Amino acid sequence: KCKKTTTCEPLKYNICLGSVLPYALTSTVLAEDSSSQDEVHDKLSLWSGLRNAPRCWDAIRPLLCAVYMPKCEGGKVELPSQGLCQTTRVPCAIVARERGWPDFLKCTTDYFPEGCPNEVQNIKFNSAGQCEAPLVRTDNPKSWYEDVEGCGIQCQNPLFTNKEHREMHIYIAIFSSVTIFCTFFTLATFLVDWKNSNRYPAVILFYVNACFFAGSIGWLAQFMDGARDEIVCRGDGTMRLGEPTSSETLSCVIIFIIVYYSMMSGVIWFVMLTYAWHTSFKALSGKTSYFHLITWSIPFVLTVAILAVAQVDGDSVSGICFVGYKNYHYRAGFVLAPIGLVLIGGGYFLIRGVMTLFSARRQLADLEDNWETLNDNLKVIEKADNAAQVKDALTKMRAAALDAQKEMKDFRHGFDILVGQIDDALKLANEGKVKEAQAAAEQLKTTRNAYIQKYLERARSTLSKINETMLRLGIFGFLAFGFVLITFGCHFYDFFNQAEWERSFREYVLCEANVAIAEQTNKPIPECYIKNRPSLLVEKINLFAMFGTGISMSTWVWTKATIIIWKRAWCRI
Ligand SMILES: CC1=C2C[C@H]3[C@@H](CC=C4C[C@@H](O)CC[C@@]43C)[C@@H]2CC[C@]12O[C@@H]1C[C@H](C)CN[C@H]1[C@H]2C
Ligand SMILES: CC1=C2C[C@H]3[C@@H](CC=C4C[C@@H](O)CC[C@@]43C)[C@@H]2CC[C@]12O[C@@H]1C[C@H](C)CN[C@H]1[C@H]2C
């Protein structure tokens with residue numbers, strides 16, 4: 001009979017000599033020189049050396065597959081046919097001459113029964129129609145998926161359909177457009193007033209938006225008539241992976257360089273921003289030429305390193321080329337690490353900045369507290385009947401003014417005068433003279449205005465400036481940290497389940513490989529699908545995060561003080 005009784009075990013390799021196996025279970029019983037599938041793969045590695053003789057190889061492939069890796073299903077293995085074995089004798093006669101034939105490969109009808117249907121005869125090792133979606137026939141051996149011959153891994157992302165591609169593309173369209181013109185607004189502002197806006201750290205924002213403009217450009221590049229497929233796909237319609245490979249158009253690596261470099265410089269400029277703020281608070285342009293070198297060296301070195309390991313991959317959904325898609329331990333290395341370090345540094349100099357801020361914020365408030373005391377005490381003194389209230393309030397005034405006394409010598413002199421006059425009024429009030437002290441408090445009023453009000457209203461305005469700065473730092477801090485937290489979350493999710501998505505994808509590929517033969521042989525065909533895939537909402541979130549940062553830094557230039565600056569250049573008469 002065409003069937004043999006043995007125990008079916010799973011394939012350790014789902015490929016037979018560059019051809020995908022349409023079945024899932026096999027048996028090592030027919031390979032009489034083998035006992036395990038390791039041995040089988042070894043023997044096939046020995047038979048591999050025959051590939052230098054294509055004339056024989058063509059005819060011996062199917063036999064070798066039907067023998068060493070046969071279909072096992074429900075305790076049965078189908079034995080190869082006599083007709084199949086006879087097609088090996090004539091051309092592979094070389095095997096017979098140099099070392100002879102193995103006894104289990106000799107065409108004795110007990111090993112090869114006559115007229116037996118074989119699953120292998122259906123399989124084509126010249127992949128004319130063998131290549132099955134999500135795979136496409138390419139005859140370039142640099143695009144061949146794993147060990148499969150003639151088949152390449154298709155260009156468009158096989159985890160999301162076109163219905164989702166259009167979606168994400170219009171999403172990225174809108175967002176990146178908002179960013180590309182917001183950053184242009186912010187550039188134009190600091191550019192038209194290049195003479196008056198070129199200061200540090202106000203030019204650091206300009207540099208940030210410059211970077212995030214350059215990047216959004218590369219993000220928009222994929223929307224031209226046929227540019228997307230030029231960036232993402234190879235010449236043979238198979239997605240660009242491990243770029244830059246030899247003899248491929250640099251239409252990918254250029255976009256990668258843009259999107260990555262602009263991004264990284266764009267986030268190191270954050271650290272430079274926080275430092276510049278801190279040192280601005282601590283009091284200059286001595287280190288202003290050294291920030292540059294850092295913010296341009298580090299992204300360069302990183303990008304060059306990525307190009308050195310050649311781990312640029314192409315995504316059709318995003319429509320760009322970026323680091324560490326295929327191998328996700330590179331994305332964590334070149335994206336998550338620099339961003340995290342940026343978060344740490346920028347956060348450090350932020351809190352240092354608000355310490356440098358907090359220390360004065362209390363001082364000015366204390367001065368305001370003393371002035372708050374003086375006025376209300378004068379309010380009580382000027383309008384009182386009992387001469388105990390006058391004594392009391394005068395003492396309190398003395399305490400406050402004394403506490404406030406603790407170009408500068410003039411300021412202290414004023415409070416000398418105030419304390420003195422207050423003590424005079426104290427002497428007057430102690431003796432029970434109510435209205436004499438009350439009248440001697442108007443002296444305190446006019447003196448308060450004359451000698452003290454200057455330095456006070458001088459330091460009255462700063463509490464608005466300082467609080468505004470404090471709250472805008474309150475914006476930037478809890479904004480940037482939120483963005484970093486979110487993008488770290490997304491990247492960590494993908495980082496987490498990319499170990500599973502590849503499993504599911506592979507199983508799916510094998511399934512469709514089964515479907516291929518299952519259809520053109522009038523055999524029952526099983527439905528194939530992806531068990532699990534990346535969430536599109538997560539990618540939505542990440543994009544929203546980075547573009548949201550790109551927009552929020554362009555929002556900074558949005559002031560009413562800016563709007564009028566535009567008029568000066570061309571208002572004329
Ligand atoms: C590759 C090769 C062969 C390896 C095959 C053998 C047929 C049977 C088996 C049994 C199986 O258990 C292990 C594999 C082995 C040995 C076949 C004969 C032809 C050739 O050996 C020649 C040696 C010669 C020096 C050069 N040319 C070499 C090749 C054409
Ligand atoms: C398709 C695919 C992927 C699409 C995913 C990517 C992780 C991150 C993103 C970013 C996100 O914005 C869009 C989706 C995208 C591009 C993931 C990497 C693994 C894989 O590429 C592998 C090639 C490999 C040879 C076989 N296995 C293939 C697939 C598991």
# chains A, B, ... in the order shown; residues from 1 in each chain; ligands from 1

call {"tool": "residues_near_ligand", "arguments": {"ligand": "ligand 2", "cutoff": "8 Å", "atoms": "only C-alpha atoms and all ligand atoms", "output": "ChimeraX atom specification"}}
result
/A:145-146,153,157-159,241,314-318,324-328,494,498,501-503,505-506,534,539

call {"tool": "residues_around", "arguments": {"residues": "range 176-179 of chain A", "least_positions_apart": "3", "cutoff": "9 Å", "atoms": "only C-alpha atoms", "output": "PyMOL selection string"}}
result
chain A and resi 171-173+182-184+212-213+216-217+219-220+547-548+550-551+554

call {"tool": "closest_atom_pairs", "arguments": {"of": "chain A", "to": "ligand 1", "cutoff": "9 Å", "atoms": "only C-alpha atoms and all ligand atoms", "output": "JSON lines"}}
result
{"residue": "A:31", "atom": "CA", "partner": "ligand 1", "partner_atom_place_in_ligand_line": "12 (O)", "distance": 9.0}
{"residue": "A:32", "atom": "CA", "partner": "ligand 1", "partner_atom_place_in_ligand_line": "12 (O)", "distance": 8.7}
{"residue": "A:33", "atom": "CA", "partner": "ligand 1", "partner_atom_place_in_ligand_line": "12 (O)", "distance": 5.7}
{"residue": "A:34", "atom": "CA", "partner": "ligand 1", "partner_atom_place_in_ligand_line": "12 (O)", "distance": 8.1}
{"residue": "A:42", "atom": "CA", "partner": "ligand 1", "partner_atom_place_in_ligand_line": "13 (C)", "distance": 8.5}
{"residue": "A:43", "atom": "CA", "partner": "ligand 1", "partner_atom_place_in_ligand_line": "13 (C)", "distance": 5.4}
{"residue": "A:44", "atom": "CA", "partner": "ligand 1", "partner_atom_place_in_ligand_line": "14 (C)", "distance": 7.7}
{"residue": "A:45", "atom": "CA", "partner": "ligand 1", "partner_atom_place_in_ligand_line": "14 (C)", "distance": 8.2}
{"residue": "A:46", "atom": "CA", "partner": "ligand 1", "partner_atom_place_in_ligand_line": "14 (C)", "distance": 4.8}
{"residue": "A:47", "atom": "CA", "partner": "ligand 1", "partner_atom_place_in_ligand_line": "4 (C)", "distance": 5.2}
{"residue": "A:48", "atom": "CA", "partner": "ligand 1", "partner_atom_place_in_ligand_line": "1 (C)", "distance": 7.0}
{"residue": "A:49", "atom": "CA", "partner": "ligand 1", "partner_atom_place_in_ligand_line": "1 (C)", "distance": 4.8}
{"residue": "A:50", "atom": "CA", "partner": "ligand 1", "partner_atom_place_in_ligand_line": "1 (C)", "distance": 5.2}
{"residue": "A:51", "atom": "CA", "partner": "ligand 1", "partner_atom_place_in_ligand_line": "1 (C)", "distance": 8.8}
{"residue": "A:52", "atom": "CA", "partner": "ligand 1", "partner_atom_place_in_ligand_line": "30 (C)", "distance": 8.6}
{"residue": "A:53", "atom": "CA", "partner": "ligand 1", "partner_atom_place_in_ligand_line": "30 (C)", "distance": 8.3}
{"residue": "A:94", "atom": "CA", "partner": "ligand 1", "partner_atom_place_in_ligand_line": "19 (C)", "distance": 6.7}
{"residue": "A:95", "atom": "CA", "partner": "ligand 1", "partner_atom_place_in_ligand_line": "18 (C)", "distance": 4.4}
{"residue": "A:96", "atom": "CA", "partner": "ligand 1", "partner_atom_place_in_ligand_line": "18 (C)", "distance": 7.3}
{"residue": "A:97", "atom": "CA", "partner": "ligand 1", "partner_atom_place_in_ligand_line": "18 (C)", "distance": 7.9}
{"residue": "A:98", "atom": "CA", "partner": "ligand 1", "partner_atom_place_in_ligand_line": "18 (C)", "distance": 5.5}
{"residue": "A:99", "atom": "CA", "partner": "ligand 1", "partner_atom_place_in_ligand_line": "18 (C)", "distance": 4.9}
{"residue": "A:100", "atom": "CA", "partner": "ligand 1", "partner_atom_place_in_ligand_line": "7 (C)", "distance": 6.3}
{"residue": "A:101", "atom": "CA", "partner": "ligand 1", "partner_atom_place_in_ligand_line": "7 (C)", "distance": 5.8}
{"residue": "A:102", "atom": "CA", "partner": "ligand 1", "partner_atom_place_in_ligand_line": "8 (C)", "distance": 5.7}
{"residue": "A:105", "atom": "CA", "partner": "ligand 1", "partner_atom_place_in_ligand_line": "8 (C)", "distance": 8.9}

call {"tool": "write_last_selection", "arguments": {"atoms": "C-alpha atoms", "output": "mmCIF file, in the first residue's frame"}}
result
data_model
loop_
_atom_site.group_PDB
_atom_site.id
_atom_site.type_symbol
_atom_site.label_atom_id
_atom_site.label_comp_id
_atom_site.auth_asym_id
_atom_site.auth_seq_id
_atom_site.Cartn_x
_atom_site.Cartn_y
_atom_site.Cartn_z
ATOM 1 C CA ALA A 31 14.948 7.881 6.099
ATOM 2 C CA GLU A 32 16.680 4.640 7.096
ATOM 3 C CA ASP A 33 19.949 6.519 7.595
ATOM 4 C CA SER A 34 18.217 8.809 10.086
ATOM 5 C CA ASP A 42 22.142 16.830 8.380
ATOM 6 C CA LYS A 43 21.645 14.267 5.605
ATOM 7 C CA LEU A 44 19.863 16.890 3.526
ATOM 8 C CA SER A 45 22.845 19.152 4.199
ATOM 9 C CA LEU A 46 24.958 16.342 2.745
ATOM 10 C CA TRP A 47 22.667 16.066 -0.281
ATOM 11 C CA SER A 48 22.976 19.847 -0.572
ATOM 12 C CA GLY A 49 26.393 19.593 -2.238
ATOM 13 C CA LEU A 50 24.667 18.155 -5.309
ATOM 14 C CA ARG A 51 23.115 21.556 -6.100
ATOM 15 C CA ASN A 52 26.130 22.305 -8.314
ATOM 16 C CA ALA A 53 24.485 19.895 -10.769
ATOM 17 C CA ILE A 94 26.163 10.480 -11.102
ATOM 18 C CA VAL A 95 25.112 9.449 -7.582
ATOM 19 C CA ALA A 96 25.180 5.828 -8.710
ATOM 20 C CA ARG A 97 28.698 6.163 -10.107
ATOM 21 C CA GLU A 98 30.536 7.918 -7.295
ATOM 22 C CA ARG A 99 29.171 6.364 -4.117
ATOM 23 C CA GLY A 100 26.157 4.365 -5.249
ATOM 24 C CA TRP A 101 22.581 4.631 -4.029
ATOM 25 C CA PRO A 102 21.393 4.197 -0.441
ATOM 26 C CA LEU A 105 16.624 5.229 -2.164
#

call {"tool": "select_by_dssp", "arguments": {"residues": "range 222-454 of chain A", "states": "helix (DSSP H, G or I)", "output": "ChimeraX atom specification"}}
result
/A:222-223,227-232,253-282,288-309,328-382,387-404,408-430,434-439,442-454

call {"tool": "closest_residue", "arguments": {"among": "A:133, A:250, A:545, A:342", "to": "residue 232 in chain A", "atoms": "only C-alpha atoms"}}
result
A:250

call {"tool": "residues_around", "arguments": {"residues": "residue 230 in chain A", "least_positions_apart": "3", "cutoff": "10 Å", "atoms": "only C-alpha atoms", "output": "list in words"}}
result
residues 222, 225, 226, 227, 233, 234, 235, 237, 240, 249, 250, 251 and 252 of chain A

call {"tool": "residues_around", "arguments": {"residues": "range 61-63 of chain A", "least_positions_apart": "4", "cutoff": "8 Å", "atoms": "only C-alpha atoms", "output": "PyMOL selection string"}}
result
chain A and resi 17+57+67+80+84-85+88+120-121+125

call {"tool": "residues_around", "arguments": {"residues": "range 479-483 of chain A", "least_positions_apart": "4", "cutoff": "10 Å", "atoms": "only C-alpha atoms", "output": "PDB file with C-alpha atoms, in the first residue's frame"}}
result
ATOM      1  CA  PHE A 270      15.724  70.052  25.018  1.00  0.00           C
ATOM      2  CA  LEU A 343      14.372  63.101  29.978  1.00  0.00           C
ATOM      3  CA  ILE A 344      16.748  62.561  32.893  1.00  0.00           C
ATOM      4  CA  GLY A 346      16.350  67.948  31.071  1.00  0.00           C
ATOM      5  CA  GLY A 347      14.384  67.006  34.167  1.00  0.00           C
ATOM      6  CA  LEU A 473       7.940  75.622  33.435  1.00  0.00           C
ATOM      7  CA  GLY A 474       5.020  73.852  35.084  1.00  0.00           C
ATOM      8  CA  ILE A 475       3.654  73.496  31.567  1.00  0.00           C
ATOM      9  CA  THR A 487       6.074  57.150  23.929  1.00  0.00           C
ATOM     10  CA  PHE A 488       8.053  54.918  26.295  1.00  0.00           C
ATOM     11  CA  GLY A 489       4.793  53.107  26.974  1.00  0.00           C
ATOM     12  CA  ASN A 542       2.877  57.297  19.549  1.00  0.00           C
ATOM     13  CA  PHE A 544       0.246  61.778  18.426  1.00  0.00           C
ATOM     14  CA  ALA A 545       2.978  61.973  21.058  1.00  0.00           C
ATOM     15  CA  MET A 546       5.942  62.862  18.849  1.00  0.00           C
ATOM     16  CA  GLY A 548       2.340  66.643  19.672  1.00  0.00           C
ATOM     17  CA  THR A 549       5.812  67.528  20.933  1.00  0.00           C
ATOM     18  CA  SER A 552       3.828  72.145  21.445  1.00  0.00           C
TER      19      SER A 552
END

call {"tool": "residues_around", "arguments": {"residues": "range 519-533 of chain A", "least_positions_apart": "4", "cutoff": "6 Å", "atoms": "only C-alpha atoms", "output": "ChimeraX atom specification"}}
result
/A:501,504,508,511,515

call {"tool": "select_by_dssp", "arguments": {"residues": "range 14-258 of chain A", "states": "strand (DSSP E or B)", "output": "PyMOL selection string"}}
result
chain A and resi 15-16+19-20+25-26+72+76-78+135-137+144+151-154+233+238-239+243

call {"tool": "closest_residue", "arguments": {"among": "A:19, A:297, A:285, A:464", "to": "residue 265 in chain A", "atoms": "only C-alpha atoms"}}
result
A:297

call {"tool": "closest_residue", "arguments": {"among": "A:454, A:448, A:278, A:3", "to": "residue 118 in chain A", "atoms": "only C-alpha atoms"}}
result
A:3

call {"tool": "residues_around", "arguments": {"residues": "residue 308 in chain A", "least_positions_apart": "4", "cutoff": "9 Å", "atoms": "only C-alpha atoms", "output": "PyMOL selection string"}}
result
chain A and resi 244+303-304

call {"tool": "atom_distance", "arguments": {"atom1": "CA of residue 467 in chain A", "atom2": "CA of residue 559 in chain A"}}
result
17.5 Å

call {"tool": "closest_residue", "arguments": {"among": "A:299, A:115, A:414, A:22", "to": "residue 334 in chain A", "atoms": "only C-alpha atoms"}}
result
A:299

call {"tool": "closest_residue", "arguments": {"among": "A:21, A:168, A:450, A:92", "to": "residue 55 in chain A", "atoms": "only C-alpha atoms"}}
result
A:92

call {"tool": "closest_residue", "arguments": {"among": "A:435, A:361, A:540, A:491", "to": "residue 460 in chain A", "atoms": "only C-alpha atoms"}}
result
A:361
